[PDB]
């Protein structure tokens, strides 16, 4: 039908999940202009003409759409591999966010995943109190921008470095992690990188998972096929670590292993497979059957040691294989202060006391500054570097 066709097309331009919504189309144009405006390419008439035709229009668009200078950078609160995280205030709305910058050139400089799509999808549509929310996503010729809710409570790395975590706390945080991971699993993902760095606390001291670049969609049988290992040396499971070209076929039990490493670290103060060098940790993980020991410290309860050992075993006998319910029923979690279904409504073990909305005391003081770093080299022919990041913008077609 004629109407049907017009309508199907109209939805395809509206749907927040459509690859051709206003966001994707405005990105498509924005990318083209960026990838053509070069004197070497300007020699071609088609190109030179097209650019002069849209010059005024494209400049109007870039000013109207969400851009970097719309935000006032309050302070850098994280910096690393593919960019940095900075506490920002929107100059117009005065609202405070944590903005993440991803160097387009650096991700193209041999990453191998386009990992940012998973990160964008989950953070934007998860709609879960266990997932750091993504409000806006935009871009220019050089950086991807992710506008997330600010987690003023800092991460679990910071918490563990300031406290000798008692069991009561360990239980709470482990329990919130379990629910957070179960929410991710219910969405059809295996996180693959469960660690204190990815665990952030809100203004009330409650946990959320941040960063999901390592996430992968499960198949129908709830499995994932991967030839190359993914994760962090201390927290990676034996099966994900040994994942090879031979196959590399694993389930969500690999996440539960990392939770065991997390629990152990909170109560002991060290990772269960710490070694002199990185490669030593590898051997100890593979030899987990004999390398996993508890120090002579009569403060780790029986239940704690049990759960840790139930998690730090071979995938085949690992706790969590029969669903999250067998984990929740574990005696370690048995308490009289909270229930699973009401946990995130209870008072947290550490409720952060904040001075202002821009209080960054729970984050280490990072230098800030830089002086803009090297990006793409000026092309001599058409390369199309902005093409992989088309449709990343989350602004014109957001879900409400």
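Positions refer to the first chain, counted from 1. Just so we're on the same page, rigid core means the largest C-alpha set that superposes within 1.5 Å between forms.
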key: Between stretches 72 to 80 and 261 to 269, more displaced by Cα RMS in 9 other deposited structures of this protein (rigid core superposition)   = 72 to 80
task = Please indicate which stretch deviates more in 9 other deposited structures of this protein: 151 to 159 or 315 to 323, judged by C-alpha RMS distance after a core superposition?
result = 315 to 323
query = In at least a third of the other compared PDB entries, does residue 371 have no coordinates?
reply = yes
inquiry  = Mean CA temperature factor from the deposited coordinates, higher in 91 to 99 or in 297 to 305?
reply    = 297 to 305
inquiry  = So, looking at the entry's B-factor column for Cα atoms, which has the higher mean, 372 to 380 or 12 to 20?
reply    = 372 to 380
note = Reading the B-factor column for Cα atoms of 220, 195, 171, 120, the highest value belongs to 220
request  = Could you say which of 204, 139, 313, 271 has its CA atom at the highest B factor, as listed in the PDB entry?
outcome  = 313
Entry-reported Cα temperature factor of residue 39, expressed as the chain third it lands in = highest
note = Here the Cα B-factor of residue 282, set against its chain, lands in the third termed middle
Assigned third (lowest, middle, highest) for the C-alpha B factor of residue 149 = lowest
note = Of the three thirds of Cα B-factor ranks in this chain, residue 160 occupies the lowest
Third of the chain's Cα B-factor distribution that residue 176 belongs to, per the entry = lowest
